[PDB]
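So you can see what is in the structure, the chains are spelled out below.
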Amino acid sequence: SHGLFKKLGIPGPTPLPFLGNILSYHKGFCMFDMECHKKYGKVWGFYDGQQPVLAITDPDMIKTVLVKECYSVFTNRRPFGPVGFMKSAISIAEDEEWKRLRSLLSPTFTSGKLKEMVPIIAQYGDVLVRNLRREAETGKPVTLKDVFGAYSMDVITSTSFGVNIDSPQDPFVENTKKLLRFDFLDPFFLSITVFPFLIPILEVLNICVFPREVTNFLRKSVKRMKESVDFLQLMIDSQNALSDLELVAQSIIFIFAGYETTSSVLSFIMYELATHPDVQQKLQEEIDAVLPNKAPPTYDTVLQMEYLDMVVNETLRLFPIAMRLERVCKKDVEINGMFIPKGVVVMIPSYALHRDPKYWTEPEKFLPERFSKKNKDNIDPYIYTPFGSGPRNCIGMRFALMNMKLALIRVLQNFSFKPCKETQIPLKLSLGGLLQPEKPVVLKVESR
Amino acid sequence: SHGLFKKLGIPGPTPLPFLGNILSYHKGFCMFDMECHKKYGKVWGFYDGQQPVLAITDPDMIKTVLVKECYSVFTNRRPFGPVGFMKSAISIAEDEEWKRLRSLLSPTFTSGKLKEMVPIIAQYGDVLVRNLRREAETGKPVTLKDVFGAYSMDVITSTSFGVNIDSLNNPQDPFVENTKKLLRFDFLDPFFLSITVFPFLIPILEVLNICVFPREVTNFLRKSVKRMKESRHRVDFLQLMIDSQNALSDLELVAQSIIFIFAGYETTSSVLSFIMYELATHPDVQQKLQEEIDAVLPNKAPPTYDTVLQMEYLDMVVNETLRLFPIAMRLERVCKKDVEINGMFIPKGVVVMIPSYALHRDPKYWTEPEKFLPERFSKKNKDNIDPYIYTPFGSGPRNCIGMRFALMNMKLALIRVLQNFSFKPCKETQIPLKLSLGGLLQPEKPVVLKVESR
Ligand code: HEM
Ligand code: HEM
Ligand SMILES: CC(C)(C)OC(=O)N[C@H](CS[C@@H](Cc1ccccc1)C(=O)NCCCc1cccnc1)Cc1cccc2ccccc12
Ligand SMILES: CC(C)(C)OC(=O)N[C@H](CS[C@@H](Cc1ccccc1)C(=O)NCCCc1cccnc1)Cc1cccc2ccccc12
């Protein structure tokens, strides 16, 4: 099965038996994709154990996989297990079950439902400032991942359920951060890749990848938040063909994503603003112009800030927390002049494309001017895909971009951030699996 | 009310009662703006009847009006009427209605939606050649505005609606026949003359169902969109407005279509004729552009989305022509409330005007402004170009929404034309070119040139 890419004439690194190319992951997904992007050109193929993975970089071919032939051929991502009851999650469900859940949960983030969340999110924006001011009055470096994580839990549990949780040591944030950490050193998610044919054994044994008492803590809490329109209400009205188990599976996804993804990116943004004060000061000047006298940000004033979008768009380029986009070829096809057999996982190296010298001038440097309306037209929509593309992109794309900018406005209105010497400069990404910094981001907070 | 610029200490020509300074328009808006720029300096004021108009030329002050204080102060243009149902047009809408329509029509001109239009526009690029080849196999002048208007109509009728209405011509197409007479702001007409001089007659004409656009042309386009709205195609301009309508209505939907039909036809054909006049009067520039097209597209290769953006000299030719001939001529914004921008007070109701034609030919920003020199926009020299002095498509949140589309449509046409033909003057060609001393920016005599096959 390791002679597939040799048959199709597609270049790639020589795979070892059983393992394939998984030993090259010692530097991580990101560094492995960038090396292969320079060695083999635009399209290459490697093996994740016995699973052939075809990497594509052509925007037209990326468009065909994610958009055009999505509902027909490239509908599902790479199979993940053992999951148990989490198989009904929209990010794990396949084919027919995904179509019914994609349309069911789509009205959650419309232009109207998002405008309803602005007065609700604005409450915790003051608790974020009032908690930062306690560690700001005094000269104590703030772990932004921590402070940012508590704010991300209140927003997702009030805009999706309507429950106030975080005020410190919160059981939701404590369990959500332990929900899943794909560590290739951890001998569980590793052997799943090399030996994917033992997943059927663990499913009939009621084994799961997510901790038991972390799922139970989230399974009984949704049953607790269900006592008699938001994300929760949109599903109970369709239940009265959801069940008492698929409803919990979607809440686990929304709570983890709304917490972990929002907090890590905001820490990535504040690092770049602290390492580039000319960008931070210029961004602080725009916030004071659209919102004078520290005016509360509304729904419309957020979409007006051009430079605030140019900074978030540039950070998501340097740190695409998804790293890769994957679609499973469900039947033999020939897209854009290339035959792709059934069973091959088509992969879009999002991290490798976001730093391509063929597309970006000085890609390693932080320059938010890449997304200015003068230079925005030079960006291909299939090379810069921080939220994916096609009918199966990020469902909370418009929600996350608003929720992060709602925090960046209220924080920069009152505080400026400086390095703390103990700040990791330059920031080392975790050479592990998920995209994160090695050392937690720490900065000095100075009130204005 | 004629002593506003006296009080503010802002210079300008002394206005006459009722008329104001509209008698100085006998040479057109362009020559009036140039003379005032030389007489009074960076800032001057005048009156369109009883309407004070403040002209600014400072890039920092222009940036504040168009970009910084757009949503708060300078959101709407000077009121235009009577318009009837066309009041809901994006170019005419105001305040909240314009903000809702701009966001609704923004995804129409993305880099992905435009890249989908290249194969469709590539069809009419060949029809443009075969119609020119007939007039080129026989020695005889040829009207560009004519051939260019037929091509521009097919591009807008198919990229926005998906309807092919000009099957290889069909020269007497009813769309082109009606669209050309949709509006010609002629100052000799006592109608548009009295509209600007006496503006309180607009509410009288509105209740009289009178419209500046003739009824026969509006009806022809009104019943055509209802004819095009069956749809039983991909995501285009007609599908985006229907998907959000399935809130828009069956006449705001037509109002935006009439705007897109006019701009895609009149603006594209007029600028293309200005380009070919400059290429025929500058054979070295035309040869240099022809040498670049054949280098990027050898063997007369079909133009694609990426090959168009790669041509650097083609962009310099289109940009320099837009400098000498900004069809917009002026940029106007209504100051909705009293402000003090860049240390200058502006009262509420004053229309701030940016003389785009005058700034493009300012001898203080351009060396030899009247001369046609594409090298101004070379990457060696483009750094010395202020984006608020050269504004052919406007600036800020209310710039030209079809800028990237019109730039691609004109470039796609110029490529497929220069690939097969070269252009020479005809003696009957007006050299030098006289601009229309009337309202809109057009030549006096139509541009005629001799077409030779390669
Ligand atoms: C900076 C923040 C975020 C980024 C960069 C991001 C990125 C992504 C990406 C790349 C995908 C896959 C797209 C594809 O495969 O084509 C995805 C899917 C998804 N995202 Fe996000 N995401 C973010 C935040 C969120 C949030 C706040 C939620 C809240 C519910 C969320 C929920 C989801 C779900 C449910 C899916 C799977 C949808 C499906 O498979 O149909 N994400 N996201
Ligand atoms: C050479 C071709 C063109 C030029 C030079 C041009 C130029 C301009 C300018 C200067 C403005 C006003 C900007 C401002 O006031 O700041 C404008 C507005 C506009 N243009 Fe164009 N344009 C062209 C072609 C087109 C095309 C093909 C369309 C197709 C739909 C179009 C649609 C519009 C619309 C709808 C507006 C109103 C924008 C708004 O009110 O928000 N234009 N154009
Ligand atoms: C590539 C391969 C085969 C190794 O692993 C996958 O293919 N499995 C992905 C992850 S499995 C599961 C893990 C999890 C569940 C609950 C809590 C924490 C982790 C899962 O359901 N997580 C969806 C979480 C929602 C989210 C996350 C980030 C951004 N936005 C939304 C499948 C996957 C789903 C959605 C987005 C993804 C983005 C990048 C990479 C993979 C993605
Ligand atoms: C300047 C003032 C105060 C006297 O009257 C305005 O303020 N009204 C301008 C134009 S009146 C209206 C008339 C019309 C509509 C449809 C067909 C024919 C005529 C209008 O909306 N025509 C916008 C058409 C789209 C277009 C045109 C040219 C370039 N690109 C797009 C407002 C205005 C809008 C858009 C572009 C303009 C370009 C140059 C000058 C004015 C422009």
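- Structure determination for this PDB entry was carried out by X-ray crystallography, with a resolution of 2.750 Å recorded in the header.

Re the coordination of the iron atom of ligand 1
All names here are of chain A.
Stage number 1. Donation to the iron atom of ligand 1 from the protein comes from one atom only, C394 (SG), at 2.4 Å.
Stage number 2. One can describe the donor arrangement at the iron atom of ligand 1 as octahedral, given that its six donor atoms subtend angles of 85 to 178° at the metal.
Stage number 3. Its place among the elements puts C394 in the loop between α17 (350-353) and α18 (397-412).

Quick look at a nonpolar patch on the surface
Stage number 1. A cluster of nonpolar residues, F18(A), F195(A), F197(A), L198(A), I201(A), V204(A), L205(A) and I207(A), forms a patch on the protein surface that exposes about 770 Å² of accessible area.
Stage number 2. Along the chain, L198(A) falls in the loop between α9 (189-194) and α10 (199-204).

Observations concerning the interface of chain B and chain A
Stage number 1. Contacts between the two partners involve eight residues from chain B, matched on the other side by seven residues from chain A.
Stage number 2. Summed over both sides, the interface of chain B with chain A buries roughly 590 Å², with 45% coming from carbon and sulfur.
Stage number 3. In this structure, the connection of chain B to chain A is made through two salt bridges.
Stage number 4. Notably, a salt bridge pairs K63(A) with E116(B), separated by 3.7 Å at the nearest N-O pair.
Stage number 5. Along the contact surface separating chain B from chain A lie one residue pair in polar contact.
Stage number 6. No other element matches helix α5 (residues 111-115) of chain B, which puts three residues into the side of chain B that touches chain A.

Things to note about the site of ligand 1
All names here are of chain A.
Stage number 1. Lining the immediate environment of ligand 1, one finds 25 residues, of which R77, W98, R327, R392 and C394 sit closest.
Stage number 2. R327 places a side-chain nitrogen or oxygen 2.5 Å from an oxygen atom of ligand 1.
Stage number 3. For the shell around ligand 1, the secondary structure elements donating two or more residues are α4 (96-105), α13 (246-275), β4 (324-328) and α18.
Stage number 4. Looking at the shell around ligand 1 element by element, the count peaks at six residues for α13.

Structural notes on the environment of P214(B)
Residues and elements named next belong to chain B.
Stage number 1. The topology assignment puts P214 in the loop between α10 (202-207) and α11 (215-228).
Stage number 2. Along the backbone, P214 and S160 are 54 residues apart, and their C-alpha atoms lie at a distance of 23 Å.
Stage number 3. Excluding anything up to four places from it in sequence, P214 contacts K181 and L182.

Definitions and limits used
- Each chain carries its own residue count, beginning from 1 and running in the order its sequence is written; this scheme need not agree with the entry numbering, and residues with no coordinates do not appear.
- Naming scheme: in the order in which they are written, chains are lettered from A and ligands are numbered from 1.
- Water and hydrogen atoms were dropped before computing side-chain values, which therefore reflect all heavy atoms in the structure.
- Each metal site is built from N, O and S donor atoms within 2.8 Å (3.2 Å for Na, K and Ca), and since water is not included, such sites may look incomplete.
- By the criteria applied here, four donors are tetrahedral when all angles lie between 85 and 135 degrees, four are square planar and six octahedral when opposite donors are over 155 degrees apart and every other angle lies between 65 and 115, and any other arrangement is irregular.
- Secondary structure elements follow DSSP: runs of H or I no shorter than four residues count as helices, runs of E no shorter than two count as strands, and numbering proceeds from the N terminus.
- Each patch is built from salt-bridge-free residues with over 30% relative accessible area, joining like charges within 9 Å and nonpolar side chains (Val, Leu, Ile, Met, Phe, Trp, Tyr) within 5 Å.
- All accessibility values rest on the Shrake-Rupley procedure with a 1.4 Å probe; residue burial counts only the protein chains present in the view.
- Between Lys or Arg on one side and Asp or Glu on the other, a salt bridge is scored when a side-chain nitrogen of the former is within 4 Å of a carboxyl oxygen of the latter.
- Only heavy atoms enter the contact rule, under which two residues are in contact if any of them lie within 4.5 Å.
- Buried area adds together the accessible area that both of two parts lose upon being put together, with accessible area traced by a 1.4 Å probe.
- Polar contact criterion, stated in full: a pair of N or O atoms within 3.5 Å, where within protein one must be able to donate a hydrogen and the other to accept it, and residues adjacent in sequence count only if both atoms are side-chain atoms.
- Whether a residue is near a molecule or strand depends on its heavy atoms: if one lies within 4 Å, it is near.

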